[PDB]
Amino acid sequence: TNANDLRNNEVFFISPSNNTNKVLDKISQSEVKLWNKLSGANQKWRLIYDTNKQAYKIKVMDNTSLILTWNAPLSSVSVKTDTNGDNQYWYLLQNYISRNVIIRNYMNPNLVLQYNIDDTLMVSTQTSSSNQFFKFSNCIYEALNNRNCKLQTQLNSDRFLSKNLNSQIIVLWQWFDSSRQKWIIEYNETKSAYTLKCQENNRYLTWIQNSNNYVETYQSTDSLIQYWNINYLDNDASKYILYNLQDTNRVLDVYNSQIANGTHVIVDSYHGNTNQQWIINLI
């Protein structure tokens, strides 16, 4: 699969290649090390690419603007405030067959991240050993692919993404445990995005393009309007934004931020407001 590829804006557990059950963990306001996977936001890392440098910032999800930082000239690594220092940039490059990634420092490309015997971390020169190979696993894919889910608007604790009765239109509605409010999330490799299938009629969350821009359940299609990028809110791993693949500046949006049963769900320009923020949970 290509679901765990090093796409920009995506969020990952970063593991040693020798153990998928240990992951990179912001332990203190400064210290990082490999740790048993428990999935708090301290163990989730967002990639922020820099096309000019062809390198990435690796940013922890729990703290505003702390990014993985080489403490030059020392051999240690920490998380520190983002100041766009060259020592805070990393080439991430993948072996296609093993899936292993080398995490190489931008400031000094002789040096690469390595995991020590006691699972602490450091930068060091590259030697063949497996102590410099990491696996990246996309958090959302690993949590949500092939799962039956419900989607709650952040506007209100009991208003959910719902196919309307005897219509194709999708609206907000309070929970009544209906198959109309149940959505199976499936990744598609050709689109590098997800479809969401209503359990009631086995049809898909789709942007219907006209003056109203309603989302509706629609038959299976290869058109981009049926595909969604599911990502965490910019600085919050409890909340999600869903971009439509037809136009990745547009997102799943509650019309006029109304909360009333039956309020239309639409596709609208991104602003990051509460009406474009969703809580996704397994049923």
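Residue numbers here begin at 1 and follow the sequence given.
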property	result
76 to 84 set against 122 to 130, stretch whose average Cα temperature factor tops the other in the entry	122 to 130
Between 55 to 63 and 26 to 34 (mean CA B-factor, as deposited), the higher	26 to 34
C-alpha B-factor winner, where the candidates are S157, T195, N138, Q94	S157
Deposited CA B-factor, highest of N244, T69, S223, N231	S223
Ranked against its chain, the third holding the CA B-factor of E216	middle
Within-chain third of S98 by Cα B-factor, per the entry	lowest
Third of the chain's Cα B-factor distribution that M107 belongs to, per the entry	middle
Third of the chain, ranked by Cα B-factor, where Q168 sits	highest
Modelled-residue ranking by C-alpha temperature factor, third containing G272	highest
